[PDB]
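Two separate entries follow, structure 1 and structure 2, each one form of the same protein chain as structure tokens.
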Structure 1
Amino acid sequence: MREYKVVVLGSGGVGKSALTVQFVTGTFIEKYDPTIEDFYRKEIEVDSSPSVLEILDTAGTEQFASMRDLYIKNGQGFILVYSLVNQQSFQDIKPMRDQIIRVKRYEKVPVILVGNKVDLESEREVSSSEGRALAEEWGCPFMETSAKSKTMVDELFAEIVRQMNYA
């Protein structure tokens, strides 16, 4: 079975857990402790070929540099999530990506940048153009999501599979 190990990263409260649980269960959650780590296995077809994803949902809030290193070493593809209604979470995702490239120095690293919470667009603090500009500097896909939408979340997880195969 081709298995892909995906790790979801980003500051506390951006929606890592809500995106993952939308993907797994098709439902949107209202809150969940930031100190929990959870693994999920889930089959997906991407471009009509069945794949198995193991997704690691991280306790991401200010966690110690060596603990982010451990997650990076053992993941194969990374979803980097910020909240478009929280510009500090956008500033925070830059160091996270650069740490991945350094830690994984002998590899091309499949990554996607996600600006989440697009359903709250009247509280938007980060423009689409600013996220797109950063993803263009990183040479990776960019998407704005809401964890309320199962189609957006399915498209996200399909595209990380495609990135992991192209690398």
Structure 2
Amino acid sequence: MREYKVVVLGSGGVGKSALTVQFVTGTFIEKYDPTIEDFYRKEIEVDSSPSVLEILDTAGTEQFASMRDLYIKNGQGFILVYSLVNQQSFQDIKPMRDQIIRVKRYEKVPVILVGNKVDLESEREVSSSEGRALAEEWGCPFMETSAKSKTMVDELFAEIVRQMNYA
């Protein structure tokens, strides 16, 4: 069976686990449980191709950045998450693409930039077009999601598998 290794990266609270847990189970996690490291496996049909996604839900907690170089080496596609209601989390995501490329040593790593928490449109600190621009300087897809939408999360993970197939 083909198998894809995806690392979900970002700062604390942005919604990494709520996005991953919505893909894997169809449920929205409301109670913030800070994450050390968690692996999930889910059989995916993208373009009608049956594969496995193995998903690495990292910690955005400052200490575990020691591990990040191992995660980047052991991983094929990367979902880079910011919360659009927190512009510091948008700022924390910009060095991370280039950190991905120092370890991988080539330019075209399959990445997607995600502005999560779009359902909280009142609280928005980061505009669509700031993210949209970052994604195009980075040459990657851009999505704004709400971990509350099964449909929005599903498209995110299906597009990471499409990205790992035209890499």
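Between two forms, the rigid core is defined as the largest C-alpha subset superposing within 1.5 Å. Throughout, residue numbering runs from 1 along the sequence of structure 1.
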| query | finding |
| --- | --- |
| Residue showing a 2 Å-or-more C-alpha displacement between structures 1 and 2 once the rigid core is overlaid, selected from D33, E37, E123, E136 | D33 |
| After fitting the core, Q63 CA displacement of 2 Å or more between structures 1 and 2 | yes |
| Core-aligned Cα shift of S49 between structures 1 and 2, given in Å | 2.0 |
| Rigid core superposed, the C-alpha shift at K108 between structures 1 and 2 in Å | 2.6 |
| Core-aligned Cα shift of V6 between structures 1 and 2, given in Å | 0.2 |
